[PDB]
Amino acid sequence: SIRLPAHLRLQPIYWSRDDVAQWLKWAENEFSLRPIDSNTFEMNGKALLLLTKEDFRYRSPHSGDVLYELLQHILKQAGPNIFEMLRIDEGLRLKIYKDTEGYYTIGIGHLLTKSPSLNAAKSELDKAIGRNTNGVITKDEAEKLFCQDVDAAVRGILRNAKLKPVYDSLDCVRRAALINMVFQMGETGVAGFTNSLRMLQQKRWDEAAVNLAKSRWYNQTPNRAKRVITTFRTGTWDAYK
């Protein structure tokens, strides 16, 4: 199976021009290909997804078909599309900041530690990261942390008997809404919604929506909860557009 760099685990549609160049450099080594010129695909991910297999062959006569099929396999075994969802809900920060609680956070809502003060503090991590970041990370290192968290949330869901059968029945969009909650309050927290989780499994969208809106979670963060609930109710990205 294909194991690509963490920051490239994001669906290609989010890839920048530098991202595709990095994908090329990785692919060349992973697949022992003839050297790939860095100028082969001077475009971002959205543009890369518009090209045909014939376009790949024309731009890379030695490796084009391999690159195209590689891309198809990457798209085939995505991944709920939750990057922009959590970007909006958690924010994207390149330097350490304090959340609503008081705990040090970075990237897309990544908790570092519950330790206080400003006396370094944290200073890790800082690898995770990292390398000595000295408090500042890249877009890509934030994407790395984000993917590592999504994988921690998914494995958290898959290792839970109350969450796994619910996540399995859910469609791709609604799966992101479930991961969103797990990202926000943890595995044990979401598992506490016993009755609501049973409603989602039985496809009672309207009933599950009303039930979830009466929760402590909804009262604490209304705006975000509304959006997550709307996602569970409609199965679309209407609340995030």
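A residue's number is simply how far along the shown sequence it sits, counting from 1.
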Given the B-factors recorded for C-alpha atoms, which segment has the greater mean, 227-235 or 14-22? 227-235
Which is higher on average in the deposited entry, the C-alpha temperature factors of 113-121 or of 96-104? 113-121
Whose C-alpha has the highest temperature factor in the PDB entry: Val154, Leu71, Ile88, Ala142? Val154
Report the option among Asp206, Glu42, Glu28, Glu54 whose CA atom has the maximum B-factor in the deposited record. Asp206
Which third of the chain does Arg34 land in by C-alpha B-factor: lowest, middle or highest? lowest
Lowest, middle or highest third: which one holds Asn195 when the chain's residues are ordered by CA B-factor from the entry? middle
Compare the C-alpha B factor of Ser63 with those of the other modelled residues in its chain, then answer lowest, middle or highest third. lowest
In terms of the CA temperature factor given in the entry, to which third of its chain does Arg174 belong: lowest, middle or highest? middle
Which third, lowest, middle or highest, does the CA B-factor of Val182 fall in along this chain? middle
